[PDB]
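Undergrad: What shape does this take:
(2 chains)
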Amino acid sequence: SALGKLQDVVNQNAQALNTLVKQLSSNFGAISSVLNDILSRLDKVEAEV
Amino acid sequence: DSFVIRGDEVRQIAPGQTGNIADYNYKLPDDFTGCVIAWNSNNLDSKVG
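TA: Numbering: from 1, shown residues only, chains lettered A, B, ... in the order given. Structure as follows:
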């Protein structure tokens, strides 16, 4: 429990990297989270948007 | 740029379009800066037989 200070500093950097990676899976209102999936389905001008 | 086309295919004369004329006859750029102007010409451009 004394080393809780150092373990918290390891955990925060791991949790920030996990959250940064997990945000690759989010749509942000787009049709899909995967670039090849968007590009495959759509007109280039719709796919760009 | 000037040509005669069937009324259905006039939709193909725009940036990012697809189909016979856009693919194989008259291709616009993806970043076209310009105007596309058209009118039905049946009284001049059709003929008996």
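
Undergrad: Quick one: list the elements packing against the longest helix anywhere in chain A.
TA: Across chain A, the longest stretch assigned as helix under DSSP state H is helix A:4-22. If contacts are counted by 3 or more C-beta pairs under 8 Å, 6 or more residues apart in numbering or on different chains; DSSP states H and E, helix A:4-22 sits against no helix or strand. Where you see a C-beta, it was placed from the backbone N, CA and C, and this is true even at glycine.

Undergrad: from the middle of its chain, how far away would that helix be?
TA: Chain-centre distance of helix A:4-22: 15 Å, with C-alpha atoms, centre = their mean, to the nearest Å.

Undergrad: Return the residues in contact with residue A:22.
TA: By C-beta atoms under 8 Å, 6 or more residues apart in numbering or on different chains, no residues touch residue A:22.

Undergrad: Next one: it from chain B, what distance?
TA: Applying C-beta to the nearest C-beta, to the nearest Å, the value for residue A:22 to chain B is 34 Å.

Undergrad: Same question for the one helix or strand residue B:22 maps to: list its buried residues.
TA: Using DSSP states H and E, residue B:22 sits in helix B:20-24. Applying a neighbour-count criterion of 16 or more other C-beta atoms under 10 Å in any protein chain shown, one finds B:21-22 buried in helix B:20-24.

Undergrad: Please identify which residue in chain A comes closest to chain B.
TA: residue A:45 (4.3 Å; C-beta to the nearest C-beta).

Undergrad: What count of nearby residues applies to the closest residue to that residue other than its chain neighbours?
TA: Once flanking residues are discounted, residue A:45 sits nearest to residue B:16: 4.3 Å by C-beta to C-beta, 6 or more residues apart in numbering or on different chains. As a burial measure, residue B:16 scores 16 neighbours (other C-beta atoms under 10 Å in any protein chain shown).
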